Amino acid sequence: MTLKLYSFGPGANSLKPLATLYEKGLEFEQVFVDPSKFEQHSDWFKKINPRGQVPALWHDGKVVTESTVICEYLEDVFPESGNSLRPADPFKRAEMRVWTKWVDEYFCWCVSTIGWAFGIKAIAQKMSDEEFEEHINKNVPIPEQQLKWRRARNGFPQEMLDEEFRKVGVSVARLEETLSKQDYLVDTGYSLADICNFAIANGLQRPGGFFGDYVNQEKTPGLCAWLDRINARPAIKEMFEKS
């Protein structure tokens, strides 16, 4: 392979370039970095990405990081491969970037914060207390992430959780505002905007889940039809089938 993707599979930030690769029909080696073994903190992976986070794209010896950047990189380099995922119209491509950067600056983080608090409790508590601290202190380069791991194992402040939940509500209302009126986030059709937002939103509609009161047929029919729509796409089904 001349293209390799290092990631956690199809969820959160990893899903963005994974979906992009399958939508564009690009051949690549799908490398699973196993979070249950903290492989993102392994010496061999930090050689690929010294930040110690996924996703990371390897292309002919060059490493591209940041999920949103990798997707734009794939469109910059393979504009003629499979589905075209940025509008040709520059005004529509601008609108697309407003959506993708909003995922990076707002939507991903409130959902993620709730995920760190409740979602990876088992990984977060695998090691003994000192073994945990040993790993964090010498193998997690990123300070903001050191604190997140500590709070994942030991607890997030309550008022922090309350605020994060409110922002999820804001985020879901914003999506519904648009998706209740059109099929995709930019009206030129399916784009990186949909992919980046789907990366965060897919799973929120789970009955009995964390956000069932926010995302459902009654409150957000637009959002739900969009989630269904993207999940019906052949490349998205292929992504989940082969992961």
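Numbers for residues come from their place in the sequence shown, where the first is 1.
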| property | result |
| --- | --- |
| Which of 32-40 and 187-195 has higher mean CA B factor, as the PDB entry lists it | 32-40 |
| 222-230 or 10-18, whichever carries the higher mean Cα B-factor | 222-230 |
| Most elevated Cα B-factor in the entry, residues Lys101, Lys167, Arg151, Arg93 | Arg151 |
| Residue with highest C-alpha B-factor in the PDB entry, from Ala122, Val172, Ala88, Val77 | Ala122 |
| For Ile236, the third of its chain into which the C-alpha B factor falls | lowest |
| Modelled-residue ranking by C-alpha temperature factor, third containing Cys71 | lowest |
| Chain-wide C-alpha B factor ranking for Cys108, given as lowest, middle or highest third | lowest |
| Record-listed C-alpha B factor of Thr65: chain third | lowest |
